[PDB]
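Here is the structure we will look at.
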Amino acid sequence: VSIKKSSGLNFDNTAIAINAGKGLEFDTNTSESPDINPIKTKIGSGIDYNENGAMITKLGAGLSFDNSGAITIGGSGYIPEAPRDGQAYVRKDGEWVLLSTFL
Amino acid sequence: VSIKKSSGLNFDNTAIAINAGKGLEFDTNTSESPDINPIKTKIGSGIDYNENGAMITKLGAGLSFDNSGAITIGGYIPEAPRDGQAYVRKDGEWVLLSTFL
Amino acid sequence: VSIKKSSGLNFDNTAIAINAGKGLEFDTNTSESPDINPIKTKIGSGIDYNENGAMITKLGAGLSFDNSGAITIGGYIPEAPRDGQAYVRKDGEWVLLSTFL
């Protein structure tokens, strides 16, 4: 049987196998293992699978996802830079308000 | 044909198929689908593909890549000096309240 | 040979090949390449391999993994109280503007 070994297949003894490299492995923890093992990705710190088997970033304290599914520091109480106009600012009701309005 | 089923292949009514598990799927949205579907990764929040089809982390406010492509936090505000005096924020720096009183 | 082309295999010059899509590529940088190229994931910025060949998020300054493998922030100032009053920063704490007016 003709296989293309430059395209990820090889012979394991007499038999065609996937030749899995970095980031991939065979799932030996299914119902049908070890006889039948699907190929799956191989993931470590920072990455998880969701309920549908998609890879997502695994976020802990201080990180969240925005509206676009992008990772953001949020989200956290951390305070963004005040406007760079030439005037002094103070913090009022979660916003930057000029010092003038109180002088 | 003999196949190694313990290595990610299986038979689907006589035909050799990839047996795709977690993190992987067939792309049924290509020009040649559904009769010919390549295998691709399966990705969700926090991950995207770039122009070359490589997986990257999808970054939003406050995060960016450094020169080595690591995710970094480095424009949120550092602590003001701890000298005994009140400070306000002027031109991206901490300036004493005195200079305006 | 019968192959299921809707499941990630296709013919290339009558040989069976994996039809690799987004997030996958063949590794042409092995000791047996390009005669033999394993299939691997295709990764870019924000992702790396560890020594076990698992994909990890590539973390730079200000970010670390917690003990459950999640990305977390490792020196920014917290939000001031939301009571209706203006605040200034004094001695590593939020102090009302009133006390200085």
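All residue names refer to the structure tokens as shown: chains lettered A, B, ... in order, residues numbered from 1 in each chain, ligands numbered from 1 in order.
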Report the residues of chain B whose backbone DSSP state falls under strand (DSSP E), written as a ChimeraX atom specification.
/B:9-12,15-18,24-26,39-41,47-49,55-57,64-65,71-72,86-90,94-96
Restrict the distance test to only C-alpha atoms, flag each residue of chain A within 10 Å of chain C, and return the flagged residues as a ChimeraX atom specification.
/A:1-10,16,18-25,41-48,57-64,73,76-80,89-99,102-103
Please, can I see chain C fitted onto chain B by all in-order Cα atoms (least squares), as a CSV table (one decimal) with C-alpha atoms, in the first residue's frame?
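New file out.csv:
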chain,number,residue,atom,x,y,z
C,1,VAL,CA,-5.6,-4.2,8.6
C,2,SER,CA,-4.2,-3.9,12.1
C,3,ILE,CA,-4.5,-0.4,13.7
C,4,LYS,CA,-3.5,0.8,17.1
C,5,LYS,CA,-6.7,2.2,18.6
C,6,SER,CA,-4.9,3.5,21.7
C,7,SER,CA,-3.0,5.8,19.2
C,8,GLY,CA,-5.8,7.9,17.6
C,9,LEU,CA,-7.2,5.6,14.9
C,10,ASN,CA,-10.4,3.7,14.8
C,11,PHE,CA,-12.7,1.9,12.4
C,12,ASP,CA,-15.7,3.6,10.9
C,13,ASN,CA,-17.8,1.1,8.9
C,14,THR,CA,-14.6,-1.1,8.4
C,15,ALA,CA,-12.7,2.0,7.0
C,16,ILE,CA,-9.7,3.4,8.9
C,17,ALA,CA,-10.5,6.9,10.4
C,18,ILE,CA,-8.7,9.4,12.6
C,19,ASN,CA,-10.5,9.5,15.9
C,20,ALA,CA,-10.2,13.2,16.6
C,21,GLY,CA,-10.7,14.6,20.2
C,22,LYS,CA,-10.5,18.0,21.9
C,23,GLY,CA,-8.9,20.8,19.9
C,24,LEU,CA,-9.1,18.9,16.6
C,25,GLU,CA,-11.8,18.6,13.9
C,26,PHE,CA,-12.1,17.7,10.1
C,27,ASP,CA,-12.3,20.7,7.8
C,28,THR,CA,-15.7,20.3,6.0
C,29,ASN,CA,-15.2,23.6,4.2
C,30,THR,CA,-12.6,22.7,1.6
C,31,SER,CA,-13.2,22.4,-2.2
C,32,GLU,CA,-13.3,18.6,-1.9
C,33,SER,CA,-15.5,18.4,1.3
C,34,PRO,CA,-17.1,16.4,2.4
C,35,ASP,CA,-15.7,13.7,0.2
C,36,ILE,CA,-12.2,14.6,1.5
C,37,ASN,CA,-11.8,16.6,4.7
C,38,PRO,CA,-8.3,17.3,6.1
C,39,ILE,CA,-7.8,17.1,9.9
C,40,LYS,CA,-7.2,20.6,11.4
C,41,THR,CA,-7.1,22.3,14.8
C,42,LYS,CA,-10.3,23.5,16.4
C,43,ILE,CA,-10.0,27.1,17.6
C,44,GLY,CA,-12.3,29.7,19.1
C,45,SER,CA,-12.0,33.1,20.7
C,46,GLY,CA,-8.5,34.6,21.1
C,47,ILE,CA,-6.9,32.3,18.4
C,48,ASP,CA,-6.7,32.6,14.7
C,49,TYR,CA,-4.8,31.3,11.6
C,50,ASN,CA,-2.2,33.3,9.8
C,51,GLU,CA,-1.7,33.1,6.0
C,52,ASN,CA,0.7,30.2,6.5
C,53,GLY,CA,-2.0,28.2,8.3
C,54,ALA,CA,-0.3,28.6,11.7
C,55,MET,CA,-2.2,29.3,14.9
C,56,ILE,CA,-1.6,32.7,16.4
C,57,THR,CA,-3.1,34.6,19.2
C,58,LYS,CA,-5.7,37.1,17.9
C,59,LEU,CA,-4.7,40.5,19.4
C,60,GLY,CA,-7.1,43.5,19.6
C,61,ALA,CA,-6.7,47.0,21.1
C,62,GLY,CA,-3.9,47.7,23.5
C,63,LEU,CA,-1.9,44.4,22.8
C,64,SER,CA,0.9,43.8,20.3
C,65,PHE,CA,3.6,41.2,19.5
C,66,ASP,CA,7.1,42.1,20.5
C,67,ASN,CA,10.1,41.1,18.3
C,68,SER,CA,10.2,37.6,19.8
C,69,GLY,CA,6.6,36.7,19.1
C,70,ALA,CA,5.4,37.3,22.6
C,71,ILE,CA,2.3,39.2,23.6
C,72,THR,CA,2.9,42.6,25.1
C,73,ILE,CA,1.0,45.7,26.2
C,74,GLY,CA,1.1,48.7,23.9
C,75,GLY,CA,-2.1,54.6,28.3
C,76,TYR,CA,-2.4,53.7,32.0
C,77,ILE,CA,-0.8,55.3,35.1
C,78,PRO,CA,2.0,53.6,37.0
C,79,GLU,CA,2.0,52.8,40.8
C,80,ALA,CA,2.6,55.7,43.2
C,81,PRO,CA,5.6,55.3,45.7
C,82,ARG,CA,5.0,52.9,48.6
C,83,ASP,CA,6.5,55.0,51.5
C,84,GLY,CA,3.5,55.5,53.8
C,85,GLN,CA,2.2,58.8,52.4
C,86,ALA,CA,-0.9,59.8,50.4
C,87,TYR,CA,-0.4,60.9,46.8
C,88,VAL,CA,-2.3,63.0,44.2
C,89,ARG,CA,-1.7,63.3,40.5
C,90,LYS,CA,-0.2,66.6,39.3
C,91,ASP,CA,1.3,67.4,35.8
C,92,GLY,CA,1.7,63.7,34.9
C,93,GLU,CA,3.5,62.9,38.1
C,94,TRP,CA,2.9,61.7,41.7
C,95,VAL,CA,2.9,64.6,44.2
C,96,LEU,CA,2.4,64.3,48.0
C,97,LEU,CA,-1.0,65.4,49.4
C,98,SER,CA,0.9,67.4,52.1
C,99,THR,CA,2.0,70.2,49.8
C,100,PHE,CA,-1.6,71.2,49.4
C,101,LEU,CA,-3.0,70.8,52.9
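The interatomic distance for the pair CA of residue 87 in chain A and CA of residue 101 in chain A works out to 11.7 Å.
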Between CA of residue 72 in chain A and CA of residue 55 in chain A - distance in Å to one decimal
17.6 Å
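Across the structure, CA of residue 13 in chain A and CA of residue 37 in chain A are spaced 17.4 Å apart.
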